[PDB]
Amino acid sequence: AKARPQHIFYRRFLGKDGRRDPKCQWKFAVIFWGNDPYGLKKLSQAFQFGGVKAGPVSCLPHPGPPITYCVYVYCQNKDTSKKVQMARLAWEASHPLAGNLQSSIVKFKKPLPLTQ
Amino acid sequence: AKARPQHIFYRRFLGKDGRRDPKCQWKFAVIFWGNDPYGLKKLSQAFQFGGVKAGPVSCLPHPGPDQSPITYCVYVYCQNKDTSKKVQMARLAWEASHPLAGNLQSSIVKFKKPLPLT
Ligand SMILES: [Mg+2]
């Protein structure tokens, strides 16, 4: 529903990257974090392609003595991950509505079983 | 509460790596993933030190067509790559120590930018 235009933006932005190469192992990702969770929720729903899959929204730990929500985006190759980092950054500049998420590229040693 | 014995195992195991070393930035972590949430929950509650902080349990995606176990995971954020591997060992010790605990797969994590954890 609400995350739909954002989805199409990434759809043509990522281009070839969205399609999945069965050989590549899921070893990199992009973590987005902000204070407004529903924004991340729409980001999570938007980044759903064969080649780029976002996990659900969750938190980072903070010592109690404001919650920080985050969403992890998993991508087949390091090249793609940077692209996702740009993709959102473009949307943020493109659409003034969208809040400004901080982010960081993620590097896994051992691959993950996203598929097969 | 139920993850008290597990917490104390790590408390002594990690030793000084549990401390802050405040100069350090958080750019490393360890992702644990398996098919049993509540084991990961207990892990998450156990890993809670000044130098090692675990996020809550979450999932990894799967595609609609794929038959899947609905695997869950927890991130364990750290000071340095030094602590991150130690974390990986710490859990493996507990897994070999206590046969009860299901054997989680895991992976050391590396971040580009530091995360806001202080
Ligand atoms: Mg803006």
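If you're matching them up, the sequences are chains U and V in order. Quick note on numbering: the first sequence equals residues 1029 to 1093, 1097 to 1147 in full-length UniProt numbering. Count along the second sequence from 1, add 1028, and you get the number used in full-length UniProt numbering. Positions of the beta carbon are idealized from the N, C-alpha and C atoms, including for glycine.
In the DSSP secondary-structure assignment, residue 1068(V) is not bridged to any residue. For residue 1049(V), there are no neighbours in chain U by C-beta distance under 9 angstroms, as the nearest C-beta there is about 16 angstroms away. The bridge partners DSSP lists for residue 1103(V) are 1059(V). Between the region 1128-1135 of chain U and the region 1039-1046 of chain V there are fewer than three C-beta pairs closer than 8 angstroms, too few to call the two in contact.
These are the residues, in chain order, with a beta carbon less than 7 angstroms from any non-hydrogen atom of ligand 1: 1123(U), 1124(U), 1127(U), 1129(U), 1131(U). Beta-bridge pairing by DSSP links residue 1134(U) to 1060(U). With respect to chain V, the C-beta atom of residue 1088(U) has a partner C-beta closer than 7 angstroms.
Among the residues facing chain U, residue 1084(V) is included, as its CB has a counterpart in that chain under 7 angstroms away. The C-beta separation of residue 1068(V) from residue 1102(V) comes to about 5 angstroms, placing the pair in contact by the 8 angstroms criterion. At least one C-beta of chain U is nearer than 7 angstroms to the C-beta of residue 1137(V).
If you check each beta-carbon in the region 1047-1077 of chain V against every beta-carbon of chain U, the ones closer than 8 angstroms belong to 1059, 1061, 1076. Residues of chain U with a Cβ closer than 8 angstroms to the Cβ of residue 1094(V) are, in chain order, 1146, 1147. Among the CB atoms of chain V, none fall inside 7 angstroms of the CB of residue 1109(U). Residue 1081(U) belongs to the set of residues whose beta carbon lies under 7 angstroms from a beta carbon in chain V. Of the residues 1061(U), 1052(U), 1140(U), the one whose Cα lies closest to the Cα of residue 1088(U) is 1061(U). The shortest C-alpha to C-alpha distance from residue 1097(U) to any of 1057(U), 1064(U), 1076(U) is the one to 1064(U). In the DSSP secondary-structure assignment, residue 1081(U) is bridged to 1076(U), 1105(U). DSSP places residue 1036(V) in the uninterrupted alpha helix (DSSP H) bounded by 1032-1042.
Between residue 1079(U) and residue 1107(U) the beta-carbon gap is near 5 angstroms, inside 8 angstroms, which marks them as a contact.
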